[PDB]
Amino acid sequence: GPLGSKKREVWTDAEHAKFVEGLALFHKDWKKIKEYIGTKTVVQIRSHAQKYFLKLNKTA
């Protein structure tokens, strides 16, 4: 885990895609995602937890 190191609340492109796992583990439950990435608030997760859905496509 973070081992008490200070973490940024703001996302990164590699950090984002850890959320994309919790969408399966917790199933539409942002109040559990913030633990998987580590010590996050739900604020940036809730606004990005809408963004994953926008990319979904029936052409792959």
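Shown numbers run from 1 along every chain as its sequence is written, which may differ from how the entry numbers residues; residues without coordinates are omitted from display. To obtain the side-chain values, all non-hydrogen atoms of the structure were included, while hydrogens and water were left out.

## Focus: the side chain of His16
Piece 1. Put simply, DSSP H or I for four residues or longer makes a helix, DSSP E for two residues or longer makes a strand, and each gets a number counted from the N terminus. Relative to the helices and strands, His16 is located in helix α1 (residues 13-25).
Piece 2. Whether two residues touch is decided by their heavy atoms; if any such pair falls within 4.5 Å, the residues are in contact. Ignoring anything within four residues of it in the chain, the contact list for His16 reads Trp11 and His48.

## Details of the packing of aromatic side chains
Piece 1. Only rings of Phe, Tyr and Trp enter the pairing, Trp through its six-membered ring, and a pair is recorded when the two centres are within 6.5 Å. The plane angle decides the type: under 30 degrees is stacked, over 60 is edge-to-face, the rest tilted. By the definition in use, this model includes 3 aromatic pairs.
Piece 2. Taking 6.2 Å as the distance between ring centres and 85° as the angle between the ring planes, the aromatic pair formed by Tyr52 and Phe53 counts as edge-to-face.
Piece 3. Accessibility here uses a 1.4 Å probe with only protein chains present; expressed as a share of the type maximum, an area under 20% marks a residue as buried, one over 50% as exposed, and anything in between as partly exposed. On the accessibility criterion, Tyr52 (28% relative accessible area) is partly exposed.
Piece 4. Since its relative accessible area comes to 54%, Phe53 is described here as exposed.
Piece 5. Connected via pairs of aromatic rings, a cluster forms that spans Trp11, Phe19, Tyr52 and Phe53.

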